[PDB]
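For reference, the chain that follows is the form deposited in one PDB entry, supplied as structure tokens.
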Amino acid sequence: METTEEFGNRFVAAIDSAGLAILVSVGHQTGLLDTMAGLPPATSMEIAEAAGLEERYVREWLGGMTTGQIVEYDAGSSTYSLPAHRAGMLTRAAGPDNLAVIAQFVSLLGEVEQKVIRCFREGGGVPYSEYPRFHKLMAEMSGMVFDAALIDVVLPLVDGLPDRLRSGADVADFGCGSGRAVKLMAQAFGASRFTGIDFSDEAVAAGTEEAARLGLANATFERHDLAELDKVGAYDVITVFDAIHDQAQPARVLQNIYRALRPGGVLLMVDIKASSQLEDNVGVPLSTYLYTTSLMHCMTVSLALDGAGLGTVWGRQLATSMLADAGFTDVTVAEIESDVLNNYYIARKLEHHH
């Protein structure tokens, strides 16, 4: 049984961990972590010089990184070092496995804390437009994951999908952002036609420009809100990467996906790995982070639009039953051993004609 003293100590340690997360975020954005990964043991002044930064700031940062047991300090020589085993997951050299990137979300949620608190009292939500930095970061992170794994790891989860794409299919990516996924797929699969759909006029224009740059005649982009579409029996394959649980009208989006698929078609929906039952998420790493991210961003943005507010932790069971509600009678859930955060939902449409 946990005592008052033990709880006090655990919570003070959480406070220290929170400070440390912010320091790591600062370390990422300033290039300090990258800089120390390329240095031998060095003074505060040496580190600041190598980083091109103000030493007084670097010095205070170093102090907290040291008390947080990430940076190691040698008092005899007044030198600091970032152990290689830690550097390996806190630097840009790790790309999508750089955990310092996730640390940035602590400041990002903090920036909206007062706005979210108001919603506890007054209802509604904080609009999508309040989170430009948050969204920019998610887009960068997803770009790296698509580059690393989309073609060779993710698409092969769907039995027969790489051959179908090679042979030739009509494909859409719903919620395509700048069109990274469409770009990669259109390159890998010249026989297939790809349409990226996104709500942002800017993102769509950027997709179109980039497809023109690279001579990708088989990639087009279109601005639409995913809840209001006129696509009917248009696509053999539809991808949806992380977009559904944020929607104002997720059920209508899923219904639109089903309508847009041709008979024999397949939806690949990638969304957050968690249970729809709270008790199952207790003890699983990142569960608190996921509830917090939901409360302070993914849930509230949907509620701003008087939406469903399913949140980040909507969960496998609810996702599976909503796919059934949308008309899919054939749903499987795939996992990648090297991916703790995502489920890969594979939903196939009956071959039967209307």
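Numbers for residues come from their place in the sequence shown, where the first is 1.
- Higher average CA B factor: 30-38, of the stretches 286-294 and 30-38.
- Taking the PDB entry as given, 42-50 carries the higher mean Cα B factor of the two stretches 314-322 and 42-50.
- Of the candidates 204, 248, 254, 267, it is 204 whose Cα B-factor is highest according to the PDB record.
- Comparing C-alpha B-factors across 214, 117, 229, 238 in the deposited entry, the largest value falls on 214.
- In this PDB entry, residue 142 carries a Cα temperature factor that places it within the highest third of its chain's modelled residues.
- When the modelled residues of the chain are ordered by C-alpha B-factor, residue 73 sits in the lowest third.
- Ranked within its chain, residue 346 lands in the lowest third, by CA B factor from the PDB record.
- Placement of the Cα temperature factor of residue 180 within the chain: highest third of the modelled residues, per the deposited record.
- Per the PDB record, residue ranking by Cα B-factor puts residue 336 in the highest third of the chain.
Below: the form solved in complex with a small molecule, not depicted.
- Site residues 236, 265 and 323 are none of them in contact with the small molecule in the bound PDB entry, judged by any heavy atom within 4.5 Å.
- Proximity of residue 241 to the small molecule in the bound PDB entry: non-hydrogen atoms within 4.5 Å are present.
- Among heavy atoms of residue 189, none comes within 4.5 Å of the small molecule in the bound PDB entry.
- Within this chain, residue 105 is remote from the site of the small molecule in the bound PDB entry, having no heavy atom within 4.5 Å.
- Among heavy atoms of residue 226, some come within 4.5 Å of the small molecule in the bound PDB entry.
- A heavy atom within 4.5 Å of the small molecule in the bound PDB entry is found for one listed residue only; from 142, 218, 91, 81, this is 142.
- Segments offered: 255-263, 134-142, 119-127, 148-156. Contacting the small molecule in the bound PDB entry at heavy atom distances within 4.5 Å is 134-142.
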